[PDB]
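Notes follow the structure.
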Amino acid sequence: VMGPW
Amino acid sequence: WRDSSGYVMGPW
Amino acid sequence: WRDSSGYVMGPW
Amino acid sequence: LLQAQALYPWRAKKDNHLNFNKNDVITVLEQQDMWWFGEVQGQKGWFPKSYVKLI
Amino acid sequence: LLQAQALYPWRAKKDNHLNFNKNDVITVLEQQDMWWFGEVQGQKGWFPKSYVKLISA
């Protein structure tokens, strides 16, 4: 899962 | 710049 | 150069 | 001290994005998953990482 | 080796600044917020980031 940015 | 507006607000 | 006055003293 | 080279041009869409052309060199300040934060000619801003390759 | 190309001529304002002409290529050695430290014309010294772009290959 990637961060939001 | 770590506390800067342009950085803190993010890209979106 | 990393311990030189020209460097360590900065640009101002 | 990390440098990246633009692969395609990018035009800012917000006041905290960078502008740059193909082959411009950008100093990379921070890296998120989709966007990086960098510097060109003393101006700092966000840009998508897909637009650059590291040097 | 990191290199910069001058967008504007620059003239030293202090004993530890560089001098260079528009389009000159300068070796970049270090940085602070708004300034580069580098080498050109056989001197090392500071110059502002606004005066140059970085270049590659």
Side-chain angles (χ1 to χ4, degrees), chain A, chain B, chain C residues 1-4 6-12, chain D residues 2-10 12-55, chain E residues 1-13 15-57:
Chain A
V1 169
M2 309 295 109
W5 296 356
Chain B
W1 55 269
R2 289 282 182 178
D3 48 356
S4 72
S5 182
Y7 177 63
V8 157
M9 298 190 87
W12 299 114
Chain C
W1 58 265
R2 277 192 190 272
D3 61 0
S4 72
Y7 176 59
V8 179
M9 290 296 81
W12 301 112
Chain D
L2 177 57
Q3 310 298 154
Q5 191 162 42
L7 295 167
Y8 338 93
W10 166 257
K13 294 146 174 189
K14 283 206 313 154
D15 76 309
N16 66 345
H17 294 178
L18 285 186
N19 292 287
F20 55 77
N21 297 316
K22 192 188 168 168
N23 306 312
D24 285 359
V25 179
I26 305 133
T27 301
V28 174
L29 299 184
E30 188 50 271
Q31 299 165 293
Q32 294 299 126
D33 292 306
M34 189 176 310
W35 296 75
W36 294 353
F37 191 69
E39 189 170 46
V40 170
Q41 209 194 331
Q43 297 287 317
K44 302 178 170 64
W46 291 94
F47 59 91
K49 72 171 191 208
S50 65
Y51 285 67
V52 305
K53 63 163 194 305
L54 297 177
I55 300 167
Chain E
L1 197 85
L2 180 63
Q3 285 179 316
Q5 186 150 37
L7 294 167
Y8 303 98
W10 164 258
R11 296 292 175 262
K13 285 159 192 54
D15 265 353
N16 65 341
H17 294 176
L18 304 182
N19 300 287
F20 49 83
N21 311 293
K22 196 172 298 199
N23 304 305
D24 279 350
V25 171
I26 300 137
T27 294
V28 179
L29 299 168
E30 254 286 358
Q31 58 163 353
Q32 277 191 4
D33 186 34
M34 290 171 289
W35 294 77
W36 298 119
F37 185 76
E39 177 169 7
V40 78
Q41 289 179 18
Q43 265 203 139
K44 301 193 205 339
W46 293 94
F47 56 99
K49 285 174 176 185
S50 61
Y51 281 76
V52 307
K53 60 177 198 178
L54 301 177
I55 57 167
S56 187

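Heavy atoms only: backbone and side chains are in, while hydrogens, waters and symmetry mates are out. So that the names make sense, note that chain A is the first sequence line, chain B the second, and so on, each numbered from 1.
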Supply the atom-to-atom distance [X] [atom1] to [Y] [atom2], rounded to the nearest 0.5 angstrom.
X       : Y       : atom1 : atom2 : answer
B:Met9  : D:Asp15 : CE    : CG    : 7.5 Å
D:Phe47 : D:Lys13 : CZ    : NZ    : 14.0 Å
E:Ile55 : D:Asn23 : CD1   : CG    : 12.0 Å
D:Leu29 : D:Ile26 : CG    : CD1   : 11.0 Å
D:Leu7  : D:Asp24 : CG    : CG    : 11.5 Å
E:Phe37 : E:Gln32 : CZ    : CD    : 10.5 Å

For this session: Determine, step by step, whether E:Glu30 and C:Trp1 satisfy the side-chain contact (heavy atoms from CB on, under 4.5 Å) criterion, reporting the C-alpha distance in whole Å, the side-chain angles of both residues, the deciding distance to 0.1 Å, and the verdict.
Result: CA-CA 11 Å; E:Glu30 254 286 358; C:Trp1 58 265; 3.6 Å; yes

Problem set entry | Nearest heavy-atom neighbours spanning E:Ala6 and E:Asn21 |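 Heavy atoms only, the tightest pair is CB-O, 3.2 Å.
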
Exercise. So, for D:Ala4 and D:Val28, which heavy atoms are closest and what is the spacing to 0.1 Å?
Worked result: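 Heavy atoms only, the tightest pair is CB-CG2, 3.8 Å.
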
Exercise. Taking it one step at a time, do E:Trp36 and E:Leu54 satisfy side-chain contact (heavy atoms from CB on, under 4.5 Å)?
Worked result: CA-CA 11 Å; E:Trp36 298 119; E:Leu54 301 177; 3.9 Å; yes

Exercise. Looking at E:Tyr51 versus E:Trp10, is the centre-to-centre ring distance below 6.0 Å?
Worked result: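 Yes, ring centres under 6.0 Å apart.
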
Exercise. Backbone N or O of E:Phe20 within a donor-acceptor pair of the E:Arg11 side chain at under 3.5 Å?
Worked result: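 Yes: the side chain of E:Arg11 pairs with the backbone of E:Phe20.
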
Problem set entry | A:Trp5 side-chain N/O to B:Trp12 backbone N/O, donor-acceptor pair under 3.5 Å |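 Looks like no, no N/O pair under 3.5 Å.
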
Problem set entry | Residues which pass side-chain hydrogen bond (donor to acceptor under 3.5 Å, both in side chains) with E:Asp33, listed by chain and number, not counting sequence neighbours |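 For E:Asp33 the side-chain hydrogen bond (donor to acceptor under 3.5 Å, both in side chains) partners, ignoring immediate neighbours, are D:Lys44.
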
For this session: Could I get the full list of side-chain hydrogen bond (donor to acceptor under 3.5 Å, both in side chains) partners for D:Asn16, not counting sequence neighbours?
Result: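 side-chain hydrogen bond (donor to acceptor under 3.5 Å, both in side chains) list for D:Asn16, sorted by chain: D:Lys14.
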
For this session: Applying side-chain contact (heavy atoms from CB on, under 4.5 Å), run through E:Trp46 and C:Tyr7 and close with a yes or a no.
Result: CA-CA 8 Å; E:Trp46 293 94; C:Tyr7 176 59; 3.6 Å; yes

For this session: Mark yes when over 12 heavy atoms from residues, nucleotides or ligands other than D:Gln43 sit less than 6.0 Å from its CD; otherwise mark no.
Result: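 Incorrect, the count does not exceed 12.
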
Problem set entry | From CA spacing to verdict: side chain to side chain donor-acceptor pair (under 3.5 Å), D:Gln31, D:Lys49 | CA-CA 8 Å; D:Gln31 299 165 293; D:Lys49 72 171 191 208; over 6 Å; no

For this session: Name the orientation class of the two ring planes belonging to E:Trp35 and E:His17 (parallel below 30°, tilted from 30 to 60°, perpendicular beyond 60°).
Result: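 Plane angle between 30° and 60°, so tilted.
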
Exercise. Would you say the side-chain atoms of D:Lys53 and D:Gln5 include a donor-acceptor pair closer than 3.5 Å?
Worked result: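 A donor-acceptor contact under 3.5 Å links the two side chains.
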
Problem set entry | E:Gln3 versus E:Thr27, side-chain donor and acceptor atoms under 3.5 Å |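 Their side chains do not contain a donor-acceptor pair, so the 3.5 Å distance test is not met.
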
